[PDB]
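Here's a solo chain for you in structure tokens, the form deposited without the ligand.
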């Protein structure tokens, strides 16, 4: 049952699990402890002999998800400091040139891990694909901007993991020249960021963006404000020199309070006018630091970044209901709040009527969820696709429309719902998808992902601005649709 493969830092021992070879917790960077919380990832100290790679490693420090989210998205924490590791599933390390899929987990840049049970790679390996997942630094440690630390450690970690794949995956049966990077939410936003980052050059041939685009980056001046507030609350200076010594529980407490304040209504006396006015979507997203990431990923992609990479992208029909619906408070939202929200984007109150006309909500709270779905997910995804009209590589789109039955159906096809369908891990995701989700749909979705990694074509017509065609996944029927929701789409043509 043991299987020993040579890496770059030494031999690792995995296990053969039913025609599949699995390796868990292969280190790709030295433990980021103390001052090394904030330094660039360092390749692991090489070793003689065989290091065990049969168990998942520690995961990155993270606070709990907010209570309502956390009941639906149940995380598995693994203790320890040696968390910059990756995991490989392959049908046979001696195979020749298999497609390689590298998963970047989501979690708002503060949560998640590569080793969550829902991200199990076995179904990909069974289908002839080498699958890799990994952990990267999160939150303050991963992304808070400090004058004495390289920016965006978590992005550097993702680059280091992808370099590990380039330099080692052939020994696991994979073609380094056929890597599809994929991710969901913050993982998909990370992929877009990597497309806009010169340091990530050549590390992937294809990309799958599940519910994330190029909008999620923190302006350098806002990151400086965020670090200053964090340091003030910790009673230390806003430097890596100071934060290297703060106990991690104290870091996570301040981090979680910052996350809560920015998600709500930030007090201008604490945060300044920009942040109080909503200039930060996620406060630990990658910083536009100027050297690693020179501009917001959306603008880089509009100028050609990633146009050589084949792209499959999509969103769920009801993305933002995950954040607004599960506590039963949607019915209290008022029309005047929706109108004020539309006004922040320069749209008139009657924009709400376009949502209702397209079946995207009759009550104000339902309309608000659809608006924010468009602002955060759907329109940013479409802007990337539109930018690629003349790209040499191919572009395909999907809409994941299957609705989860949890909480009497109130979530619809909410954010994250496609995850266990992609991975064929429905029995591990019942908190989000319920007890009896359709395995046929998991087969359909997962097989399309395998086809895309294999060939760059998921098996349906390419996306273009003429017909704007996407595969609408649902059960019992999945089928192509053209330019869904066109009137609500057109509302956003001139919005900043």
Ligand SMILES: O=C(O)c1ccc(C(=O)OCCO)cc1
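Residue numbers count along the first chain shown, from 1.
Just so you know, the form deposited with the ligand bound exists too; it's not on screen, but the next bit is about it.
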Seen with the ligand overlaid from its pose in the bound PDB entry, and using a 2.4 Å cut-off to backbone or C-beta atoms, this pocket is open
Sole residue of 347, 73, 382, 234 within 4.5 Å of the ligand in the bound PDB entry, by heavy atom:
73
Only one of 60, 432, 26, 470 gets a heavy atom within 4.5 Å of the ligand in the bound PDB entry. Which one?
432
Looking at 421-429, 331-339, 161-169, 78-86, which lies within 4.5 angstroms of the ligand in the bound PDB entry, counting heavy atoms?
421-429
Since only the chain is shown here, I'm wondering whether residue 416 would be in contact with the ligand in the bound PDB entry (any heavy atom pair within 4.5 Å).
yes
Taking the ligand as it sits in the bound PDB entry, is residue 118 in contact with it (heavy atom to heavy atom, 4.5 Å or less)?
yes
